[PDB]
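Engineer: Take a look at this one; I'll ask things after.
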Ligand SMILES: O=c1[nH]c2cc(C(F)(F)F)c(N3CCOCC3)cc2n(CP(=O)(O)O)c1=O
Ligand SMILES: Oc1nc2ccc(-c3c(Cl)cccc3OC(F)(F)F)cc2[nH]1
Ligand SMILES: Oc1nc2ccc(-c3c(Cl)cccc3OC(F)(F)F)cc2[nH]1
Ligand SMILES: CCCCCCCCCCCCCC
Ligand SMILES: CCCCCCCCCCCC
Ligand SMILES: CCCCCCCCCCCC
Ligand SMILES: CCCCCCCC
Ligand SMILES: CCCCCCCC
């Protein structure tokens, strides 16, 4: 009823947040270059197709955190852990605390995600016009899905704790 | 106990607000001229002592209202009416509404007074430095005394209406 | 009711500092005063 | 006659329909929405460990808190008051 | 005409100075405040007289 | 010069442009408000038809 | 070309949905009332009280419409809205009881049915006219 | 054409409503009266939000003073939220434009050319007694 | 009146951030502090 919805949300959110970082269509900017989180690629120019990485050289903390894009990576990790915790609640049932653990993981995922995008957009601007692709909006949709499945996980935990 | 305090307040306030307008020591400005509400007088100059009136010629409404200083005159009238109403409550007692009438007169006095000073200060400025005398502060003290005796009159009315 | 003289001074002071209190007027003639004093303090 | 200047005529320059939100960039106007959803979910989380702070009620409180208005309800526990205080400072 | 000029445009071009808001600027709201108070007392008496009968 | 001017002398008399905010400048928030009331009415009818 | 008259047009457009729903509920109430011990008296009393409470907002809101048009200077529309304001001022209404109804299950019931249908038709026509005026004033920019 | 140098006038009564145009003030008044009516209708479909007690809530929310009560339904809360946003934007706009008025002052000549000086006719304009100017005008 | 330390800190912080106060002091000496901090 709701545990299945939480599972499908958990793995959909993890899928979207592991497609967001790996692929490179985040930022469109200028020839037109469809950028990414790790790799920048060129379009409509002398060169095309194959493409090159980003160069990232106490503003050093921003540079290193943006470079080693830790916060989206951690968001993906947390979503995966929440997914496995919800999976492990079905077996070994009546633990009463694994589901709350899932409810916290799916929310810490949202917080790490929003730090990830604040850092990315802060480092990006470091006149010309730019635009955002579909990797960016997969990230943004993963945040929403993570928060919603978090509230559903807490709802399930409260219902199952009141049933006892 | 409190009716006597209201009477002494009523006539003290009326005395102060009829001394404020008649006398002329409101505004000190430049030779130094101790001004007034009706008459301006000179000090420390070629002329002294005897003195002359003010000349007051839709800003015309401000000029005429400031000239014919109606609002302080009406404040004095209202304070006098409140005083006679409180006096007439002692005789013909148990009217139960003369005291409330006094409580309203002593407050409309405050409102007309504050309009009087807003108008006076607004018209005054129509650089050089100025200052305010003791007629001005008698007016200001009359306002305070009027509001306080108004609240005392309503208090008396409420007590005497609850006693019935 | 609750709007004695002290409560009234407290409400009016609160209304000037744009903080607002727990008591509010509940009659028409007590709400006109509140509305006008609110507008004045806003300006 | 004489030698005289000649410049392009200044246009009317009609303001945009949604020009009231220029003073803040678009990224700010959307991270505000995303932080609002985040806060409304965290306040629910913290209040609901085991009152009036359901999820809809929590979204209402956090909306009210952003617009400087403030609601009838207010968090009454330490770990809800921290969220309230930080969101208050941010919106200020 | 300009070199033998009593005044120059550039010197006083900005010359900006700011002054405290005098009561003249604001008094338009003091009038409204006292008008509202008078109106409130008036409607209070009207309601009182209507409810007494 | 003037009586045969192609561009003409439309609004030849100068109009003193006031520096106060015009309604065309904050029209967005008015559109939002009226839309919000329309949506509130839709939701309030849905709730009543629900019961 | 946002203008005060245009904003009054949109606001009237929003309120006219409510102004229609009132008359639809009045139609339903009449139909549920006409088709008929103490339970009947209680039912008719409840319907009468409901109608008495529902009457006033339907008039006050139209008062707002005409007032907004007067203050915004749109006379071609204020002229259309005046006749209903006058009828809403109990011009044809007699002085018998404060409420619309004594069961009053007579020709008065048919009269109120007919005038309610007429009022609904007028409301919907005015709604579409308001929508057209709004679109005309805005899109003309 | 010779005119006196335009200098700042005495600030008139009712000057406090200069930072916003007249049309905006009227739209504010009727928006407040529209929001209160809609809030009343919403709280009386589906609850002490009578018309008198809802006009007070809307006015309290505009003047930034705290609200006594708050809507509980969804459809009341939508109205509450959008009117809160509206008031926030309008008050910020008023304060900012007033600051602009006070910071940099901009003086405008009442009359620009004789083509408009003829149309004005509220300003008296005069020549010398007799000479080239008067003979030219006759 | 409750106004313990934990609740008084919340009242002061609420009054600073312009967000409406949950409760208000009732005594006189509790009201002078409120008025001064509001100013
Ligand atoms: O031949 C003429 N040459 C003129 C030259 C002048 C000036 F240029 F200013 F010296 C003037 N003035 C205009 C006003 O300022 C002072 C005197 C008048 C002249 N007049 C009389 P008009 O008919 O009134 O023009 C003549 O006849
Ligand atoms: O991992 C990710 N987290 C995200 C959070 C928000 C957005 C986003 C969206 Cl969805 C639409 C428009 C602007 C956006 O970014 C913003 F910061 F809001 F400007 C994208 C994200 N991707
Ligand atoms: O008839 C009168 N009404 C009055 C109201 C106030 C004052 C006053 C005082 Cl008492 C002290 C300092 C400034 C004052 O004038 C102010 F307007 F406040 F600036 C004087 C008054 N006289
Ligand atoms: C409501 C409480 C908010 C607390 C915010 C604390 C801000 C700390 C910033 C310190 C930065 C110092 C840089 C030199
Ligand atoms: C430059 C090395 C690339 C590293 C990218 C690995 C991260 C992919 C997603 C991992 C989430 C589990
Ligand atoms: C120049 C005319 C003098 C008018 C002064 C008479 C007012 C004195 C106080 C009246 C209050 C009763
Ligand atoms: C109870 C499910 C939650 C739906 C909306 C939550 C948005 C954060
Ligand atoms: C009960 C007497 C009142 C004392 C203070 C009133 C100040 C307006």
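No value in this document is a laboratory result; all are computed from the given coordinates. Methodologically, a virtual Cβ is constructed for each residue, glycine included, from the backbone with ideal geometry; neighbour enumeration extends over all protein chains shown.
Engineer: Filtering segment C:24-37 down to residues that are in contact with a helix residue (DSSP H, G or I) (Cβ under 6 Å, 6 or more places away or on another chain) and within 22 Å of residue I:34 (Cα to Cα), which residue is farthest from the other protein chains (Cβ to nearest Cβ)?
Structural biologist: Step by step, filter segment C:24-37, then rank; the result is C:25.
Engineer: A further question follows. Give just the number: which of (1) crowded, with 17+ Cβ neighbours inside 10 Å; (2) under 24 Å from the mean Cα position of the chain (by Cα); (3) within 11 Å of chain C (Cβ to nearest Cβ) does residue H:17 not satisfy?
Structural biologist: In the conditions (1) crowded, with 17+ Cβ neighbours inside 10 Å; (2) under 24 Å from the mean Cα position of the chain (by Cα); (3) within 11 Å of chain C (Cβ to nearest Cβ), residue H:17 misses (1) alone.
Engineer: Please name all residue pairs, on different chains or six or more residues apart, with Cβ atoms under 6 Å, provided the first residue is in segment H:121-138 and is in a helix (DSSP H, G or I) and the second residue is more than 16 Å from ligand 5 (Cβ to nearest atom).
Structural biologist: H:133/H:127; H:134/H:127
Engineer: Criterion first (under 28 Å from residue F:18 (Cα atoms) and surrounded by 20 or more Cβ atoms within 10 Å (Cβ to Cβ)) does residue H:90 satisfy it?
Structural biologist: Yes: the conditions hold for residue H:90.
Engineer: While we're here: Determine if segment F:20-33 includes at least one residue that is more than 19 Å from residue G:138 (Cβ to Cβ) and surrounded by 10 or more Cβ atoms within 10 Å (Cβ to Cβ).
Structural biologist: Yes.
Engineer: Determine which member of the set G:2, G:21 is surrounded by 16 or more Cβ atoms within 10 Å (Cβ to Cβ) and over 14 Å from the mean Cα position of the chain (by Cα).
Structural biologist: Only one candidate qualifies: G:2.
Engineer: Go through segment D:19-58 and count every residue that is more than 30 Å from residue F:24 (Cβ to Cβ), out of contact with any helix residue (DSSP H, G or I) (no Cβ under 6 Å at 6 or more places or on another chain) and more than 10 Å from chain A (Cβ to nearest Cβ).
Structural biologist: Total meeting the criteria: 4.
Engineer: Moving on. Looking only at segment H:111-138, count every residue that is more than 16 Å from ligand 1 (Cβ to nearest atom) and out of contact with any helix residue (DSSP H, G or I) (no Cβ under 8 Å at 6 or more places or on another chain) and tell me the total.
Structural biologist: 12
Engineer: Has segment B:66-82 got at least one residue that is more than 16 Å from ligand 6 (Cβ to nearest atom), surrounded by 11 or more Cβ atoms within 10 Å (Cβ to Cβ) and within 23 Å of residue B:128 (Cα to Cα)?
Structural biologist: no
Engineer: Checking the condition buried (at least 23 other Cβ atoms within 10 Å of the Cβ) and away from ligand 6 (no atom under 16 Å from the Cβ), which residue from B:139, B:110, B:133, B:116 passes?
Structural biologist: B:110
Engineer: Name, by its number, the condition in (1) more than 9 Å from every other protein chain (Cβ to nearest Cβ); (2) surrounded by 13 or more Cβ atoms within 10 Å (Cβ to Cβ); (3) within 16 Å of ligand 2 (Cβ to nearest atom) that does not hold for residue D:87.
Structural biologist: (3)
Engineer: Residue check: is residue B:30 more than 16 Å from ligand 7 (Cβ to nearest atom) and surrounded by fewer than 16 Cβ atoms within 10 Å (Cβ to Cβ)?
Structural biologist: Numbers: more than 16 Å from ligand 7 (Cβ to nearest atom): yes; surrounded by fewer than 16 Cβ atoms within 10 Å (Cβ to Cβ): yes.
Here the answer is yes, as residue B:30 does meet what is asked.
Engineer: Identify, please: which residue in segment E:19-34 is more than 8 Å from chain C (Cβ to nearest Cβ) and surrounded by 13 or more Cβ atoms within 10 Å (Cβ to Cβ) and is, among those, farthest from residue B:125 (Cα to Cα)?
Structural biologist: E:34
Engineer: Let me ask you something else. Which residues, taken from segment B:20-34, are part of a loop (DSSP other than H, G, I, E, B) and within 24 Å of residue B:79 (Cβ to Cβ)?
Structural biologist: B:23, B:24, B:25, B:26
Engineer: Condition first: out of contact with any helix residue (DSSP H, G or I) (no Cβ under 6 Å at 6 or more places or on another chain) and either in a loop (DSSP other than H, G, I, E, B) or within 16 Å of ligand 5 (Cβ to nearest atom) (or both). Now tell me which residues in segment C:1-19 satisfy that.
Structural biologist: Selection gives C:1, C:2, C:3, C:4, C:18.
Engineer: Given the criteria more than 30 Å from residue H:76 (Cβ to Cβ), surrounded by fewer than 20 Cβ atoms within 10 Å (Cβ to Cβ) and in contact with a helix residue (DSSP H, G or I) (Cβ under 9 Å, 6 or more places away or on another chain), does residue D:2 qualify?
Structural biologist: Details: more than 30 Å from residue H:76 (Cβ to Cβ): yes; surrounded by fewer than 20 Cβ atoms within 10 Å (Cβ to Cβ): yes; in contact with a helix residue (DSSP H, G or I) (Cβ under 9 Å, 6 or more places away or on another chain): no.
No: the conditions fail for residue D:2.
Every residue, every condition in (1) more than 7 Å from every other protein chain (Cβ to nearest Cβ); (2) buried (at least 20 other Cβ atoms within 10 Å of the Cβ), yes or no:
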position	(1), (2)
H:31	no, yes
H:48	yes, no
H:62	yes, yes
H:67	no, yes
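Engineer: Could you go through segment G:23-32 and let me know if any residue there is within 14 Å of chain F (Cβ to nearest Cβ), in contact with a helix residue (DSSP H, G or I) (Cβ under 9 Å, 6 or more places away or on another chain) and part of a helix (DSSP H, G or I).
Structural biologist: So far as segment G:23-32 goes, yes, one or more of its residues are within 14 Å of chain F (Cβ to nearest Cβ), in contact with a helix residue (DSSP H, G or I) (Cβ under 9 Å, 6 or more places away or on another chain) and part of a helix (DSSP H, G or I).
Engineer: Now for a different question. Got a sec? Which of F:23, F:45, F:33, F:37 is assigned to a loop (DSSP other than H, G, I, E, B) and facing chain H (nearest Cβ under 8 Å)?
Structural biologist: Being assigned to a loop (DSSP other than H, G, I, E, B) and facing chain H (nearest Cβ under 8 Å) holds for just one of F:23, F:45, F:33, F:37, which is F:23.
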